[PDB]
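One structure is given below, encoded as structure tokens.
Here the Cβ positions follow ideal geometry from the backbone for every residue, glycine too, while neighbour counts run over all protein chains shown. Read the figures in this text as sums done on the coordinates, not as results from a lab.
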Amino acid sequence: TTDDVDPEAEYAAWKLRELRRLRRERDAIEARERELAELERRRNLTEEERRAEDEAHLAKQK
Amino acid sequence: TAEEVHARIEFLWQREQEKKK
Amino acid sequence: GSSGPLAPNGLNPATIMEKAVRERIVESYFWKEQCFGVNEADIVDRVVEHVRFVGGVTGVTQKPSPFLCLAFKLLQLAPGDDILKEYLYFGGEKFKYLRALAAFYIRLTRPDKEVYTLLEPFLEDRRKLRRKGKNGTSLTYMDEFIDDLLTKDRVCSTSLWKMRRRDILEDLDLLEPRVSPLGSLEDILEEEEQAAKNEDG
């Protein structure tokens, strides 16, 4: 439980931890971004095409 | 308030330094 | 049914604690001897003397850890923000478990934005902690503990009140997106690759 022993290895391990954090968080941001984006373009293109998409996914299941 | 805590924590630290001796 | 002075979070101290665990704390001998008539400095003393680890509950006995007991006492006391901030800063520079206590406490009693803002810079802190779960004592770290506080529904055998998600605050632009000590992923990648190839030759 000694905090300052082997500075380099601890810094490396911490770096791995923080990298894991920023990576999962960035994965989150990019994911909701691309979902909201796809869905947005989906609204924007036209009402008929929106209908074509919804009808398509209902047809796929149902 | 916090200042009392300051004095206490300093006392503790000096005590630890005495322990390390 | 009446409410004592409310935490900035908006929840009364009793409700955020579960009946079973808090009564379990009250029943414990350690709590009865060490938690009676304790000033802030005195809780600091009890901390530095008796806490070697962090957990909500330990063993089949379900005995509450001193960490959780002192957390409960601090919860009842409801100390002001400035002195707890100074507490975690000073005590933290001196010792880690004090930081863990103050952090847990702030997560309990404070609103989302405050908690985020003050806890996030401590993700830089890599200091090693030993944590006793339901089974065994797994090694952990301060940053991991903070990240747990932010991203987990239940910590230290205490349910955590649903927190407003950070990206929601981002889109509403109340707060600026979290910035690690390191830069963005890509620049880290490029500089690490470059440094590696340079050192290698």
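Largest GNM mean-square fluctuation across C:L123, C:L75, C:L174, computed for chain C with C-alpha springs under 10 Å, falls on C:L174. For segment C:166-177, 3J(HN,Hα) computed residue by residue from phi via the Karplus equation (6.51, -1.76, 1.60; θ = phi - 60°) reads 5, 4, 5, 5, 5, 5, 7, 6, 6, 9, 8, x Hz, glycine and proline entered as x. Would you work out the Kirkwood radius for segment C:1-142? I mean one over the mean of 1/r across all pairs of different Cα atoms, in Å. Hydrodynamic radius (Kirkwood, Cα only) of segment C:1-142 equals 15.7 Å.
Centre-to-centre separation between the Cα atoms of segment C:39-74 and those of segment C:150-201: 30 Å.
Look at where the Cα atoms of chain B and of segment A:37-62 average out, and the two centres are 67 Å apart. For the residues C:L70, C:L189, C:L11, a GNM of chain C with alpha-carbon springs under 10 Å puts the largest fluctuation on C:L189. The phi torsions of segment A:29-34, fed into the Karplus equation with coefficients 6.51, -1.76 and 1.60 and a -60° offset, translate into couplings of 4, 5, 5, 5, 4, 5 Hz, rounded to whole numbers, with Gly and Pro shown as x. Got a sec? Charge dipole of the protein assembly as shown, +1 on Cβ for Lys and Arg, -1 for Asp and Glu; which of C:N9, A:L58, A:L22 is way out at the positive end? Going by the charge dipole, the pick is C:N9.
Computed over the protein assembly as shown, the P(r) curve from all C-alpha pair distances, binned at 10 Å from the origin, holds 5, 23, 29, 21, 13, 7, 3, 1, 0 percent per bin.
Among C:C69, C:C35, the ranking by other beta carbons within 10 Å of each residue's beta carbon, starting with the fewest, stands as C:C35, C:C69.
In a DSSP loop and with at most 14 other Cβ atoms within 10 Å, the chymotrypsin sites (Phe, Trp or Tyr not before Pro) in segment C:119-170 are C:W161.
Counting every other Cβ atom within 10 Å of each residue's Cβ, C:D45, C:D147, C:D200 order from fewest to most as C:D200, C:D45, C:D147. Helical runs (DSSP H, four residues minimum) scored at -39500 (n - 2.57) apiece and divided by the length of the protein assembly as shown put the mean residue ellipticity at 222 nm at -20500 deg cm²/dmol. Just to confirm the filter: which chymotrypsin sites (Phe, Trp or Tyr not before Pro) across segment C:13-103 are DSSP coil and have at most 13 other Cβ within 10 angstrom of their Cβ? In loop regions of segment C:13-103 (DSSP not H, G, I, E or B), the sparsely surrounded chymotrypsin sites (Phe, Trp or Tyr not before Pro) are C:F36. Computed with the Debye formula from one identical point scatterer per Cα of chain A, without solvent, the log10 of I(q)/I(0) at q = 0.18, 0.19 Å⁻¹ comes to -0.78, -0.82.
When the square roots of the Cα gyration tensor eigenvalues are ordered a ≥ b ≥ c, the ratio a/c for segment C:121-170 is 1.5 or more and a/b does not exceed b/c, which makes its shape oblate. Between C:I188 and C:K94, the simple spin-label model (points 7 angstrom out along Cα→Cβ) gives 3.4 nm. About its Cα centre, the dipole of the protein assembly as shown is roughly 1820 debye, where the only charges are +1 on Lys and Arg Cβ and -1 on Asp and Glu Cβ. Between helix A:47-60 and chain A there is an angle of about 80 degrees, using the helix long axis and the longest principal axis of the Cα atoms. In a simple Cβ point-charge model (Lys, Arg +1; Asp, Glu -1; nothing else charged), chain C has a dipole of about 1620 debye relative to its Cα centre.
Approximating the spin labels as points 7 Å out from Cα along Cα→Cβ, the C:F30-to-A:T1 distance works out to 1.1 nm. Between A:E55 and C:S3, the FRET efficiency estimated from the beta carbon spacing at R0 = 45 angstrom works out to 0.25. Given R0 = 35 Å, the distance between the Cβ atoms of A:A37 and A:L16 translates into a calculated FRET efficiency of 0.70.
Each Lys and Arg contributes +1 and each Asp and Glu -1, all at the Cβ; summed about the Cα centre of segment C:9-59, the dipole is approximately 200 debye.
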